[PDB]
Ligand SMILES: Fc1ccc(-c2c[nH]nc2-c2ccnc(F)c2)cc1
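There is one chain below, alone, in structure tokens, taken in the form deposited without the named molecule.
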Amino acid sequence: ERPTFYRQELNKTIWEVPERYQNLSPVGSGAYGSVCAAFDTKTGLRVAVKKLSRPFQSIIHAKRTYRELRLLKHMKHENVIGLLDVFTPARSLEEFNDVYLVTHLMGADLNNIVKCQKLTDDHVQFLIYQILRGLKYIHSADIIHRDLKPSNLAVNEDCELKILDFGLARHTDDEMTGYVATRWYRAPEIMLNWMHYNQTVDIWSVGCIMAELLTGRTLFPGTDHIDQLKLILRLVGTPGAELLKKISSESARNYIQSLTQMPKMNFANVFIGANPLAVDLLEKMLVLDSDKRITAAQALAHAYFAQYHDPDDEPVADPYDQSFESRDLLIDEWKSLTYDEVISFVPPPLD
């Protein structure tokens, strides 16, 4: 039942993994955590294996670990990263200390691929279609990604795309500061914390990505939070009184009102030469009032995607119980929860 493990040291650390995984080779330069590429001899799949660092060192870290495992176990969709395997060399709860996770090896992300360059309209159609397809799935389970950007989108030779690296740990203030890609795709309401946010923040990110694929340029490359807000408001216009009401921070509401009023620009003269159907879709995504943005399910039926739309093949997710987020537990309790999820894991059918 229990497989045989073997040990080796790599650039760093003792890795201890089932024999099925061969040819471990350090990847990412540690940008993704401690990650090795490998070949899984049981599936024939090229895989990424992550060893979690100090998963249970604190309450906050124990919960993070549990959170990532729960989320990865839930997701089963062509356009979303899933879990191939999860293991520990530990034989009991008492000795449980390390957690390893296994997924498809991704090669190129959309960032380091389309760096500084425009795509053809049919490629924009197909890439945005798949993002919205994965997002309909994610949103139907009441999961919000929260951090969509080109670097979290993986694409292979045949233009096939998966969404990766969900928002699982809140960013520091410093990484959100200045002229940084980490902030350029973020909805204004969450960038300035105007109000309680919801899944519609992801649709704002999609519009920012779509614009960039059409022009080859960052849509809102702000030098800081406030510079970025000015770039946004110049395009979509300053808030009307209806939206101002919904901003529950008095200080933010007050700052917005200090600004000279501006009308929404003509998108056809911004995105010169673009498919009129693409322009129409951009206007429906890039709307300041989040209540009024188009949803993923609605966008999928938009005429821009007539080439790819298939209502019988755009599935939704099983319900996802997130009650644990409200829950306050000891380190050892989070750890015991995690062990149960490791132990109960069943791999996906190879078909």
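Each residue number is its position in the shown sequence, starting from 1. Definition used throughout: the rigid core is the maximal C-alpha set that superposes within 1.5 Å between two forms.
Among the other PDB entries of this protein that were compared and that flank it with modelled residues, residue 197 is modelled in all, so it is never left out in a third of them. In at least one third of the other compared structures of this protein with flanking residues present, residue 174 is left unmodelled. The stretch 165-173 shows the higher mean C-alpha B-factor when 165-173 is compared against 274-282 in the entry.
Judged by mean Cα B factor in the deposited record, 108-116 ranks above the other of 108-116 and 201-209. Ranking 322, 65, 53, 41 by the C-alpha B-factor listed in the PDB entry places 53 at the top. For the set 158, 189, 78, 85, the maximum C-alpha B-factor listed in the entry falls on 158. Ranked by C-alpha B-factor against the other modelled residues of its chain, residue 254 falls in the highest third. When the modelled residues of the chain are ordered by their C-alpha B factor, residue 153 lands in the middle third.
Annotation for residue 339: C-alpha temperature factor in the lowest third relative to the rest of the modelled chain, per the entry. When all modelled residues of the chain are sorted by CA temperature factor, residue 60 is found within the highest third. In the deposited entry, the Cα temperature factor of residue 225 places it in the lowest third of its chain's modelled residues.
Not pictured, yet referred to below: the form deposited with the named molecule bound.
When the named molecule is superposed onto this form from its pose in the deposited bound form, three or more of its atoms come within 2.4 Å of a backbone or C-beta atom, and the site is therefore classed as blocked. Using a 4.5 Å cut-off to the named molecule in the deposited bound form, each of 188, 192 and 290 places a heavy atom inside that distance. The shortest heavy atom separation between residue 207 and the named molecule in the deposited bound form exceeds 4.5 Å. Remark: residue 247 counts among the residues lining the named molecule in the deposited bound form, judged by a heavy atom distance of 4.5 Å or less. Within this chain, residue 90 is remote from the site of the named molecule in the deposited bound form, having no heavy atom within 4.5 Å. At a distance threshold of 4.5 angstroms between non-hydrogen atoms, residue 229 is in contact with the named molecule in the deposited bound form. Looking at 91-99, 236-244, 117-125, 215-223, the stretch with residues near the named molecule in the deposited bound form, meaning non-hydrogen atoms within 4.5 angstroms, turns out to be 236-244. Think of it this way: in the deposited bound form, the named molecule has a heavy atom of just one of 141, 256, 277, 270 within 4.5 Å, and the residue is 256.
The residue that stands out in 322, 43, 295, 34 is 34, the single one whose Cα moves by 2 angstroms or more between this form and the one not shown on a rigid core fit.
Superposition of the core reveals a Cα shift of 2 Å or more for residue 117 between this form and the one not shown. With a cut-off of 2 Å and the rigid core superposed, residue 8 has a Cα displacement that reaches or exceeds the cut-off between this form and the one not shown.
In the deposited bound form, the Cα positions of residue 32 and residue 109 lie at least 3 Å farther from each other than in the form displayed.
Note: residue 31-residue 342 Cα separation is 3 Å or more shorter in the deposited bound form than here.
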